[PDB]
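Novice: Have a look at this one before I ask anything.
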Amino acid sequence: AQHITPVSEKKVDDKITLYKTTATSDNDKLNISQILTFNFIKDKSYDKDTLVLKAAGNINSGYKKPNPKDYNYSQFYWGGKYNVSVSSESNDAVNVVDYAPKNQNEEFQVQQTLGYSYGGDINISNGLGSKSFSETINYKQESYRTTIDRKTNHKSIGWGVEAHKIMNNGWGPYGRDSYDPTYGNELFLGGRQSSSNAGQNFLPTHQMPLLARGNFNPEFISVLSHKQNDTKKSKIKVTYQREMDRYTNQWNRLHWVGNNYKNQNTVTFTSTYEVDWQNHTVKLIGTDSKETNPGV
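The sequence shown runs 1 to 128, 134 to 301 under the entry's author numbering.
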């Protein structure tokens, strides 16, 4: 599905005008949905247009329960990491100038307010002025951590939201790389000497983090500036991705061993928008969908 709302216009005050359009683009098979709020700001005091682009929607984990009949060995795939990126193409007059979250964050939920002030000053505050422009982000990431991609620059911003500190029946925390020389990576292992089938010897699904077995609901803001005298369109590409890890267990005739294999299936959805900075409108000119190992 895809949809773009008509532009709405709002006078923030005598100097600042807001033009807002919301674009939706999804992939039903992949269970990835992008809800993009394009907030274009024109400011009489400042010679650049500002786009405060909010990226929201859904990225399913891809988890499926293991087969409970699996006897001596079992496995499942889970949401090890979610990646979101926004990049500018096709116009050297456009630059990423700010974004939120700015810094690494391991809070169970991320809640921020981002504001526009005359002159293009961008500022940020925490949690969720009536005559100033602001936009908010709010997402849960329990047991996970947000990092900013170190390749981030003037043409691209990306974030990763990675499994970080996961408890397993009071044991842990564990993550994607935990290691014990006897039991392996015990992240989602049930019991070390369980008499259950392998498929029944994992942490119950309900006890896994929501991001591991459910979905992530991203909310990220990219702030882009555009030289107002430049008349060329530009392109913005928004990518949502999941890295699916394969968690396994194995019975060795004395005890179980767990293992986690990172990013064994990568699922990516990208939408490409053409941006008309003079009319403050966007068009979906492209999508691409990828799955490196489909069917898992």
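Quick reminder that beta carbons are idealized off the backbone N, C-alpha and C, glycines included.
Thinking C-alpha only, which one of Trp164, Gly120, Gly79 and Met213 is nearest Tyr63?
Specialist: As a working mapping, residue 63 is identified with position 63 in the sequence shown. With distances taken between Cα atoms, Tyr63 lies closest to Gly79.
Novice: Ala55 to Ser199, Cα distance in whole Å?
Specialist: In the sequence shown, the residue the question calls residue 55 occupies position 55. In the sequence shown, the residue the question calls residue 199 occupies position 194. Going from the Cα of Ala55 to the Cα of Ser199 covers about 44 Å.
Novice: Would DSSP call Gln198 helix, strand or coil?
Specialist: On the sequence shown, residue 198 is found 193 positions in, with the first residue counted as 1. It is coil, neither helix nor strand.
Novice: So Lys242 packs on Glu89, CB below 8 Å; how close in whole Å?
Specialist: Locating residue 242 in the sequence shown gives position 237, counting from the first residue. Locating residue 89 in the sequence shown gives position 89, counting from the first residue. About 6 Å; that satisfies the 8 Å criterion.
Novice: Which one or two residues does DSSP pair with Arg258 in a beta bridge?
Specialist: Position 253 of the sequence shown, counted from the first residue, corresponds to residue 258. BP columns for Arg258 are empty, so no partner.
Novice: Mind checking which residues open and close the alpha helix (DSSP H) that includes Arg218?
Specialist: The residue you call residue 218 lines up with position 213 of the sequence shown. Here the alpha helix (DSSP H) through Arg218 covers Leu215 to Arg218.
Novice: Assess contact between the stretch 173 to 183 and the stretch 102 to 122, defined as three or more Cβ pairs (one per stretch) separated by less than 8 Å. Is contact present?
Specialist: No, the stretch 173 to 183 is not in contact with the stretch 102 to 122.
Novice: Between the Cα of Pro6 and those of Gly219, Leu30 and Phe38, spot the shortest distance and give me the residue it belongs to.
Specialist: Counting from 1 along the sequence shown, the entry for residue 6 is found at position 6. The candidate whose alpha carbon is nearest that of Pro6 is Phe38.
Novice: Please name the residue, chosen from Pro101, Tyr118, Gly120 and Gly119, that lies closest to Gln111 on a Cα-to-Cα basis.
Specialist: Working through the sequence shown from its first residue, we reach residue 111 at position 111. The option with the nearest alpha carbon to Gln111 is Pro101.
Novice: What ranges does the beta strand (DSSP E) occupy inside the stretch 25 to 58, keeping only unbroken runs of at least 3 residues that lie completely in it?
Specialist: Correct list: 32 to 43.
Novice: Give me the DSSP bridge partner(s) of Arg247.
Specialist: In the sequence shown, the residue the question calls residue 247 occupies position 242. According to DSSP, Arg247 bridges with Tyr82 and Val272.
Novice: With distance defined between alpha-carbon atoms, name the residue in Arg258, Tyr245, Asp281 and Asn265 nearest to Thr273.
Specialist: The residue labelled residue 273 in the question sits at position 268 within the sequence shown. Nearest of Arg258, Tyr245, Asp281 and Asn265 to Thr273, Cα basis: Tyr245.
Novice: Return the bridge partner residues of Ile290 from the DSSP annotation.
Specialist: Residue mapping note: residue 290 aligns to position 285 of the sequence shown, counting from 1. In the DSSP output, where bridge partners are listed per residue, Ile290 has none listed.
Novice: Quick one: is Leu208 buried, meaning 16 or more other Cβ sit within 10 Å of its Cβ, or exposed?
Specialist: Residue 208 sits at position 203 when you count from the first residue of the sequence shown. Counting Cβ neighbours within 10 Å, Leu208 comes out buried, since at least 16 surround it.
Novice: Name the residue from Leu128, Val12 and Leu194 whose alpha carbon lies nearest to the alpha carbon of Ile41.
Specialist: If you number the sequence shown from 1, residue 41 lands on position 41. With distances taken between Cα atoms, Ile41 lies closest to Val12.
Novice: Flag this pair as yes or no: are the beta carbons of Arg218 and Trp261 separated by less than 8 Å?
Specialist: Position 213 of the sequence shown, counted from the start, is the residue given in the question as residue 218. Position 256 of the sequence shown, counted from the start, is the residue given in the question as residue 261. No, the pair does not count as a contact, with Cβ atoms beyond the cut-off.
Novice: Check the DSSP bridge columns for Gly189 and list the partner residues they point to.
Specialist: Here residue 189 is taken as the residue at index 184 of the sequence shown, counted from 1. In DSSP, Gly189 forms a bridge with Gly263.
Novice: Residue range of the beta strand (DSSP E) that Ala100 falls in?
Specialist: Mapped onto the sequence shown, residue 100 falls at position 100. Where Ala100 is concerned, the enclosing beta strand (DSSP E) stretches over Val94 to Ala100.
Novice: Whose C-beta lies closer than 6 Å to the C-beta of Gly291 among residues of the same chain, with five residues either side of it excluded?
Specialist: Residue numbering aside, residue 291 sits at position 286 when the sequence shown is read from its first letter. If we look at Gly291 and ignore the five residues flanking it on each side, its Cβ neighbours are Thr277.
Novice: For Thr50 and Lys240, what's the separation of their Cα atoms in angstroms?
Specialist: Numbered from its first residue, the sequence shown carries residue 50 at position 50. Numbered from its first residue, the sequence shown carries residue 240 at position 235. Taking the straight line joining both Cα atoms gives about 15 Å.
Novice: Return the residue from the list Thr141, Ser135, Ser227 and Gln75 that minimises the CA-CA distance to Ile162.
Specialist: Taking the first residue of the sequence shown as position 1, residue 162 is located at position 157. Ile162 has its Cα closest to that of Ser227, out of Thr141, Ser135, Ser227 and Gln75.
Novice: Consult DSSP for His211 and reduce its assignment to one of helix, strand or coil.
Specialist: Start at 1 with the first residue of the sequence shown, and residue 211 comes out as number 206. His211 falls in the helix class under three-state DSSP.
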